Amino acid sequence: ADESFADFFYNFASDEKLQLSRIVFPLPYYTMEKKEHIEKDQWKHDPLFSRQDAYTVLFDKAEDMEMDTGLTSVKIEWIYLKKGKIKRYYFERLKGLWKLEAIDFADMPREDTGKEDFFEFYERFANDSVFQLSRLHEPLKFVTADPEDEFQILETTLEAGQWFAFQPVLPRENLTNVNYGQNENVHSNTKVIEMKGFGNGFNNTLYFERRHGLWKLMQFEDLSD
C-alpha cells in the first residue's frame, strides 16, 4: 500500500492536478537566508526532470552506492552549475503518500579551507575540453559490462581520444541528484556521478578524486543495458 517513490515521481511530474494536491500550501521556500512561501495560486507546474533524456545521482564515495523500502525521505536536487545555485525539494512519505514539504534555493555549498570545489571543477571539466584533457588521471580506467556471462566486467585503460569518443554527453549547465540517505558532504575528496536514463537502460558512471589538490577523472564505467 505504501507509495513507491519512482512511481509517485513520474505521476507528480506528469499530472498537474496530482502535483498541486501533493504539495504543502503555503509552501515553505528557504532562499537567501530568509523564508518565503509559495501560495497555491502562484504554483507553476514543475515537470522536474521528466523532459530530460537522462538524470544524475551523486555519491561522495563508490561504497555509498551499495544499498530499505521503509525509507520515507527523499531530496531531489537541481545543481545550477553556471549560476552557482542549488534547488532542493523535500519529499516526505506521510501515511504512505509522498508530499512536497519544502523547497530550498540557495548558493551552492562551497568547499572551504582553501580546496578545489567539485562543482566548480566539474563545470569547467564539462565546458572546457582543454581543461578536461588536463584533468584525466593517467591511467584512465574504463569498465564495461562483459557481453557474455552474468555480472561480469571488462576492464581496460583509455587513451585521451578514446575517452572523448566513448564518453556520455556530459551535462554542461545542470546536474541533478536524488538523495535517499547517502552522505552529501562539501568536504569529500572523492565524488561519483551516476548517469541514468528513462526506460532505455542507459547507465554511465564517472569516478572523481582530488589528487594533490586537483580533481581528476579516475574511472569511467559503462553498465548500459
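We number the residues from 1 along the sequence you see.
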property: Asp68 preceded by how many uncoordinated deposited residues after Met67; result: 1 to 3
property: Stretch with the greater mean C-alpha B-factor as recorded in the entry, comparing 195-203 against 23-31; result: 195-203
property: 124-132 or 148-156, whichever carries the higher mean Cα B-factor; result: 148-156
property: Candidate set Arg88, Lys115, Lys99, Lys95 [ranked by C-alpha B-factor, highest]; result: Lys115
property: Of the residues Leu58, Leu48, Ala165, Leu175, the one carrying the largest Cα B-factor as recorded; result: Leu48
property: Third of the chain's Cα B-factor distribution that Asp225 belongs to, per the entry; result: highest
property: CA B-factor placement of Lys141, once the chain's modelled residues are sorted into thirds; result: middle
property: Third of the chain, ranked by Cα B-factor, where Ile79 sits; result: middle
property: Where the record places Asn179 (Cα B-factor, split into thirds across the chain); result: lowest
